[PDB]
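Here is the structure we will look at.
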Amino acid sequence: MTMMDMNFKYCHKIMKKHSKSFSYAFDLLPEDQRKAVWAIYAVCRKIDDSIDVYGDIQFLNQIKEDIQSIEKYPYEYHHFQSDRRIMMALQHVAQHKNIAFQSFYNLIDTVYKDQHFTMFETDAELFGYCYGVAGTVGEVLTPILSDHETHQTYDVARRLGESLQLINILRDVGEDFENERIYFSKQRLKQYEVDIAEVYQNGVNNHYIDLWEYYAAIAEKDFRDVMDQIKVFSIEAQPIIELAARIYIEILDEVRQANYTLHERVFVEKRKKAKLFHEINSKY
Ligand SMILES: O=C(O)CC1(CC(=O)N2CCN(C(c3ccccc3)c3ccccc3)CC2)CCCC1
Ligand SMILES: [Mg+2]
């Protein structure tokens with residue numbers, strides 16, 4: 001059990017803690033691929049959580065500088081300014097894999113922006129945000145999940161990232177509203193005559209359900225497009241990625257069964273995840 005094992009085990013802990021579903025699927029990858037996934041995940045999570053450490057951009061700028069050190073000198077010893085365990089594991093991954101560093105920088109830029117968040121005028125802006133926060137992370141994962149990356153591999157991974165984000169949005173409407181965030185676009189809220197504050201106070205209605213289902217149908221079509229292009233990924237990652245997906249599709253059903261409540265977080269029971277993987281894996 002080396003120092004490097006401990007760094008990876010820490011990254012695992014972070015991923016298990018903050019996303020049971022992704023944890024459940026990507027943990028099924030062969031050992032060197034899953035460890036690379038944990039490290040990427042943990043870095044992205046730290047970026048996502050950085051503003052609330054002191055309440056400003058300090059820690060986020062140290063994370064960015066750590067990443068830039070790795071990118072510029074992948075083989076030098078660095079005294080990392082942010083979370084050393086995570087940055088050592090990332091550096092280890094970078095020595096073995098072609099990481100898209102600009103995709104971490106895009107992610108970090110989306111975080112800086114989110115300090116002065118203003119609602120999206122249009123869906124194009126919402127989708128731009130899903131790229132920023134999640135398509136970027138798909139791009140970063142691409143060399144880990146495929147043998148030979150082409151632009152298609154990046155395109156599928158990116159679309160998978162964004163459609164997972166859209167599903168998070170649709171699950172978390174109420175919690176996000178409490179945190180003063182609404183991610184549905186002003187254009188689409190206006191068109192469907194929906195006011196989130198009003199829906200949070202008074203319950204769902206038919207306009208809200210129609211708005212929600214509008215975006216659910218986008219996520220679902222994107223998901224089918226990903227599944228039809230599953231073979232861009234390595235054979236070992238294909239059932240894993242198919243499973244990660246299927247579980248997020250199921251989140252949409254969990255929301256509908258809970259009548260679109262804006263007052264709790266719904267989830268796919270662990271035993272249900274094991275059932276989806278049985279279903280998938282029978283066909284692998
Ligand atoms: O709970 C929450 O608030 C949100 C959760 C985390 C989450 O949904 N995302 C969406 C993007 N995935 C990417 C990813 C990064 C690293 C490893 C696996 C997956 C990804 C991007 C692209 C392709 C696949 C996967 C990471 C962050 C935690 C609870 C479950 C949903
Ligand atoms: Mg959200």
Side-chain angles (χ1 to χ4, degrees), residues 18-19 21-22 44-45 47-52 55 106-138 155 158-226 244-245 247-268:
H18 295 287
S19 179
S21 321
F22 289 134
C44 294
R45 184 92 310 260
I47 287 159
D48 297 351
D49 297 346
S50 57
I51 303 313
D52 281 353
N106 286 349
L107 166 69
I108 289 171
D109 279 352
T110 302
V111 178
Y112 284 133
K113 273 175 215 154
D114 193 289
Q115 298 164 269
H116 16 91
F117 172 87
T118 81
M119 288 177 65
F120 303 130
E121 287 297 323
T122 59
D123 285 351
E125 281 169 36
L126 163 59
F127 300 148
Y129 170 84
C130 290
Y131 170 68
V133 109
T136 55
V137 182
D155 197 82
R158 190 188 300 118
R159 179 147 51 270
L160 176 63
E162 296 183 29
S163 88
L164 297 164
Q165 191 56 21
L166 189 51
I167 291 161
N168 283 344
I169 283 157
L170 288 167
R171 189 198 56 215
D172 295 344
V173 182
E175 180 192 339
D176 290 327
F177 173 82
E178 305 173 346
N179 298 333
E180 293 177 348
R181 298 279 184 276
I182 294 155
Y183 292 107
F184 298 139
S185 69
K186 293 171 81 196
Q187 185 279 325
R188 219 56 81 183
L189 290 168
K190 186 176 258 259
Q191 184 191 331
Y192 281 82
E193 300 179 60
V194 166
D195 178 309
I196 311 302
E198 192 271 327
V199 170
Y200 186 76
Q201 207 201 258
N202 294 333
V204 297
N205 57 18
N206 303 108
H207 295 329
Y208 178 76
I209 291 155
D210 289 340
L211 176 49
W212 191 101
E213 291 287 355
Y214 176 80
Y215 288 113
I218 292 175
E220 302 193 84
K221 185 212 183 283
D222 287 341
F223 156 94
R224 290 194 289 274
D225 294 349
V226 169
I247 290 168
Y248 268 70
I249 287 304
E250 188 69 27
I251 284 173
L252 297 180
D253 280 332
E254 296 287 356
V255 167
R256 299 170 175 122
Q257 299 179 25
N259 309 310
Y260 310 89
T261 174
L262 270 80
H263 301 274
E264 20 161 26
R265 172 172 290 196
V266 303
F267 66 105
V268 175

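We're numbering straight along the sequence, starting at 1.
- When side chains are defined from C-beta on, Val268 counts as touching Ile251, because their heavy atoms get closer than 4.5 Å.
- Within 6.0 Å of CD in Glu180 there are 12 or fewer heavy atoms belonging to other residues, nucleotides or ligands.
- Residues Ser185 and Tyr215 come closest through the heavy atom pair N-OH, 3.2 Å.
- With rounding to the nearest 0.5 angstrom, the NZ atom of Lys186 is 6.5 Å from the CE atom of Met119.
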Could you go through residues 171-179 and list every donor-acceptor pair under 3.5 Å that involves a side-chain atom there, pairing it with any protein atom two or more places apart or in another chain?
| unit_1 | atom_1 | unit_2 | atom_2 | d |
| --- | --- | --- | --- | --- |
| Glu175 | OE1 | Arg265 | NH2 | 2.9 |
| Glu178 | OE2 | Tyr200 | OH | 2.6 |
| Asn179 | ND2 | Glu175 | O | 3.3 |

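- Inter-residue side-chain proximity for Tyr214 and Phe184 is flagged as unmet; no heavy-atom pair is nearer than 4.5 Å.
- Remark: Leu126 CG to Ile169 CD1 distance equals 5.0 Å, nearest 0.5 Å.
- A parallel orientation is assigned to the rings of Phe22 and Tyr248, their planes being inclined by less than 30° (bins at 30° and 60°).
- Pairs engaging residues 248-262 under the salt bridge (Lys or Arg N to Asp or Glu O under 4.0 Å) rule: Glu213-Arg256, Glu220-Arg256, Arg246-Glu250, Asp253-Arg256, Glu254-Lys272 [sequence neighbours left out].
- Using a cutoff of 4.0 Å between basic side-chain nitrogens and carboxylate oxygens, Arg159 and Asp155 are scored as salt-bridged.
- Heavy atoms only, all atoms of each residue included: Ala134 and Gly161 are closest at CB-O, 3.3 Å.
- To the nearest 0.5 angstrom, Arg158 atom CZ is 12.5 Å from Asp222 atom CG.
- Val199 has its side chain within reach of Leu262: a pair of non-hydrogen atoms, C-beta onward, lies under 4.5 Å apart.
- Applying the ring-ring contact (aromatic ring centres under 6.0 Å, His included) criterion to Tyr183, with sequence neighbours excluded, gives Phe117, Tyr129.
- Between the CD1 atom in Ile247 and the CD1 atom in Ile167 there is a gap of 11.0 Å [rounded to 0.5 Å].
- The environment of CD in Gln257 is crowded: more than 12 heavy-atom neighbours from other residues, nucleotides or ligands sit within 6.0 Å.
- Taking CG from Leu164 and SG from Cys130, the interatomic distance works out to 10.0 Å, rounded to the nearest 0.5 Å.
- Looking only at side-chain heavy atoms (C-beta outward), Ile182 and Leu189 come within less than 4.5 Å of each other.
- Atom CG of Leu107 and atom OH of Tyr112 lie 11.0 Å apart (nearest 0.5 Å).
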Query raised in the report: Could you go step by step and tell me if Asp48 and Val111 meet the side-chain contact (heavy atoms from CB on, under 4.5 Å) rule?
Result: CA-CA 7 Å; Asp48 297 351; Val111 178; 4.1 Å; yes

Query - Evaluation steps, salt bridge (charged side-chain N to carboxylate O under 4.0 Å, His left out), between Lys221 and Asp225 - result: CA-CA 6 Å; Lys221 185 212 183 283; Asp225 294 349; 2.5 Å; yes

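- Between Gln187 and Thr122, the shortest heavy-atom distance links the atoms CB-CA, 4.4 Å.
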